[PDB]
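Student: Chains as they are written, first to last, in PDB author numbering: chain H, 1115 to 1161; chain A, 952 to 1112.
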Ligand SMILES: CCN(CC)c1ccc(-c2nc3ccccc3c(=O)[nH]2)cc1
Ligand SMILES: [Zn+2]
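1) State yes or no: is the beta carbon of residue 1144/H nearer than 7 Å to at least one beta carbon in chain A?
2) For the pair the stretch 955-974 of chain A and the stretch 1132-1143 of chain H, tell me if three or more CB-CB distances fall below 8 Å.
3) Answer yes or no: the CB of residue 1083/A versus the heavy atoms of ligand 2, is any distance below 6 Å?
4) Buried or exposed: residue 1037/A, going by 16 or more other Cβ atoms within 10 Å of its Cβ?
5) Taking one C-beta from the stretch 1142-1149 of chain H and one from the stretch 968-975 of chain A each time, how about it: are there three or more such pairs within less than 8 Å?
6) Hey, does residue 1119/H have any beta-carbon neighbour from chain A nearer than 7 Å?
7) Closer than 8 Å between beta carbons: that is the criterion. Which residues of the stretch 1028-1049 of chain A meet it against chain H?
8) Leaving out five residues before and five after residue 1025/A in sequence, what residues of the same chain have Cβ atoms less than 6 Å from its Cβ?
Shown next, in the form of structure tokens:
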């Protein structure tokens, strides 16, 4: 992996075009995330 | 050393995780190409991932980050989709789980929108879709996402399209 920008622990991707999109985030150390829930699902066909 | 504990649908914890999953679906600019066409999910199961060593690895780093950031870990709960979800829950996140070609460089990516993470369940751009039917919009096959505790610390803000 790359390094975090100097003086930072992560990157936040803020959307600047799509007004409905929420943020995305990047960490560069696996130790900064814990997989707390495993969710099993299907997508549903609209109607 | 991972065990998975099923949550009952009657459990408040199941219900709050399902609500975060359902309420953060959005439409995507690819018209559903990568993740499929849908407005909601059928939640089949929610399991707590329990691993003492991996948890202590997380909290150790969280304390390091918090001490570098005026006692503020800036901890979030975020979605992660990946072909390697079953490896992650057993071995923990590491460099093998990074999106090498991501727009913010080679790191491990998380989303507030569950539907964003859903685009990566079968690989980058949805890969070739589900292994059984080769369908990125498969309504039959069972998918898995992780809902993860993530330490952001001081985060670099990138404004981006
Ligand atoms: C390490 C495996 N890999 C290549 C198939 C991979 C690529 C991307 C992702 C991924 N990227 C995202 C990008 C933005 C927001 C969320 C995600 C995400 O959940 N997973 C996960 C794993
Ligand atoms: Zn399928």
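Where is the CB? At the ideal position from N, CA and C, for every residue including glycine.
Tutor: On the basis of the data shown:
1) Within the first chain, the letter at position 30 stands for residue 1144/H. Interface residue, yes.
2) no
3) Here residue 1083/A corresponds to residue number 132 of the second chain, with the count starting at 1. Under cutoff, so the answer is yes.
4) The residue you call residue 1037/A lines up with position 86 of the second chain. The residue in question, residue 1037/A, is exposed, as its Cβ has fewer than 16 Cβ neighbours within 10 Å.
5) no
6) For the purposes of this step, residue 1119/H is taken as residue 5 along the first chain, with counting starting at 1. Yes - at least one Cβ of chain A is within 7 Å of the one on residue 1119/H.
7) 1028, 1029, 1031, 1036, 1039, 1040, 1043, 1044, 1045, 1046, 1048, 1049
8) As a position in the second chain, residue 1025/A is number 74, starting the count at 1. Hits under 6 Å: 1103, 1104.
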